[PDB]
Amino acid sequence: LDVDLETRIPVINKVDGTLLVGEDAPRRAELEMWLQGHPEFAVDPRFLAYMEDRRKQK
């Protein structure tokens, strides 16, 4: 119950709009440093909504 790091985080360029998915999008493990280099990109907000969706109780 984590993200488990090997997952692919969909990222979106907040300036441009380019959304990266699949292997175009970085590994969650590299994502931390990857975003540090380019704050232009951030995580996909719908992926965050997906985490909102992911719940453990009713």
# chains A, B, ... in the order shown; residues from 1 in each chain; ligands from 1
call {"tool": "select_by_dssp", "arguments": {"residues": "chain A", "states": "strand (DSSP E)", "output": "list in words"}}
result
residues 11, 12, 13, 19, 20, 41, 42 and 43 of chain A
call {"tool": "residues_around", "arguments": {"residues": "segment 21-33 of chain A", "least_positions_apart": "3", "cutoff": "7 Å", "atoms": "only C-alpha atoms", "output": "VMD selection string"}}
result
chain A and resid 5 to 11 36 to 37
call {"tool": "residues_around", "arguments": {"residues": "residue 54 of chain A", "least_positions_apart": "6", "cutoff": "12 Å", "atoms": "only C-alpha atoms", "output": "number ranges by chain"}}
result
A: 1-3, 47-48
call {"tool": "atom_distance", "arguments": {"atom1": "atom CA of residue 34 of chain A", "atom2": "atom CA of residue 55 of chain A"}}
result
27.8 Å
call {"tool": "atom_distance", "arguments": {"atom1": "atom CA of residue 49 of chain A", "atom2": "atom CA of residue 20 of chain A"}}
result
16.6 Å
call {"tool": "closest_residue", "arguments": {"among": "A:53, A:43, A:38, A:58", "to": "residue 12 of chain A", "atoms": "only C-alpha atoms"}}
result
A:43
call {"tool": "atom_distance", "arguments": {"atom1": "atom CA of residue 42 of chain A", "atom2": "atom CA of residue 56 of chain A"}}
result
25.8 Å
call {"tool": "select_by_dssp", "arguments": {"residues": "chain A", "states": "alpha helix (DSSP H)", "output": "VMD selection string"}}
result
chain A and resid 28 to 37 45 to 53
call {"tool": "write_last_selection", "arguments": {"atoms": "N, CA, C and O atoms", "output": "compact mmCIF listing (two decimals), in the first residue's frame"}}
result
# COMPACT_ATOMS: atom_id res chain seq x y z
N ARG A 28 8.53 5.95 -11.14
CA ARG A 28 8.27 6.67 -9.91
C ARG A 28 9.55 6.85 -9.08
O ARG A 28 9.72 7.85 -8.39
N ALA A 29 10.45 5.89 -9.20
CA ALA A 29 11.73 5.94 -8.51
C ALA A 29 12.58 7.12 -8.97
O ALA A 29 13.20 7.80 -8.16
N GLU A 30 12.57 7.40 -10.27
CA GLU A 30 13.39 8.48 -10.82
C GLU A 30 12.62 9.81 -10.75
O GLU A 30 13.23 10.87 -10.68
N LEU A 31 11.29 9.69 -10.70
CA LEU A 31 10.33 10.79 -10.73
C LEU A 31 10.70 11.90 -9.74
O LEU A 31 10.65 13.08 -10.10
N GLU A 32 11.11 11.51 -8.55
CA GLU A 32 11.50 12.45 -7.50
C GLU A 32 12.58 13.42 -8.01
O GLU A 32 12.41 14.64 -8.00
N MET A 33 13.66 12.86 -8.54
CA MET A 33 14.78 13.66 -9.05
C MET A 33 14.43 14.29 -10.38
O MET A 33 14.88 15.40 -10.70
N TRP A 34 13.62 13.59 -11.15
CA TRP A 34 13.24 13.99 -12.49
C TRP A 34 12.47 15.33 -12.45
O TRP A 34 12.76 16.25 -13.22
N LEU A 35 11.53 15.43 -11.52
CA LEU A 35 10.76 16.65 -11.32
C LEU A 35 11.62 17.79 -10.78
O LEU A 35 11.37 18.96 -11.07
N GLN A 36 12.61 17.45 -9.97
CA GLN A 36 13.53 18.45 -9.43
C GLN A 36 14.29 19.17 -10.54
O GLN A 36 14.58 20.36 -10.44
N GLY A 37 14.60 18.45 -11.60
CA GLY A 37 15.33 19.03 -12.71
C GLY A 37 14.47 19.93 -13.57
O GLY A 37 14.94 20.95 -14.09
N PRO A 45 -2.86 15.26 -12.49
CA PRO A 45 -3.87 15.48 -11.46
C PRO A 45 -4.95 14.41 -11.46
O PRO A 45 -5.56 14.14 -10.42
N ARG A 46 -5.18 13.77 -12.59
CA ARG A 46 -6.17 12.72 -12.66
C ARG A 46 -5.64 11.47 -11.97
O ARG A 46 -6.40 10.68 -11.43
N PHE A 47 -4.33 11.29 -11.99
CA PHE A 47 -3.68 10.21 -11.28
C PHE A 47 -3.82 10.46 -9.78
O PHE A 47 -3.96 9.53 -8.98
N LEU A 48 -3.83 11.72 -9.40
CA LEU A 48 -4.07 12.08 -8.02
C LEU A 48 -5.53 11.80 -7.67
O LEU A 48 -5.83 11.29 -6.61
N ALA A 49 -6.42 12.09 -8.61
CA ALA A 49 -7.84 11.79 -8.46
C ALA A 49 -8.06 10.28 -8.39
O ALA A 49 -8.98 9.79 -7.73
N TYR A 50 -7.20 9.54 -9.05
CA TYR A 50 -7.20 8.10 -9.02
C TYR A 50 -6.81 7.60 -7.62
O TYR A 50 -7.31 6.57 -7.15
N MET A 51 -5.93 8.34 -6.96
CA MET A 51 -5.55 8.03 -5.59
C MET A 51 -6.66 8.40 -4.63
O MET A 51 -6.81 7.79 -3.58
N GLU A 52 -7.45 9.41 -4.99
CA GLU A 52 -8.64 9.79 -4.22
C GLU A 52 -9.66 8.65 -4.34
O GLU A 52 -10.34 8.26 -3.37
N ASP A 53 -9.74 8.13 -5.55
CA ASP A 53 -10.62 7.03 -5.90
C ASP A 53 -10.23 5.78 -5.12
O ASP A 53 -11.10 5.06 -4.61
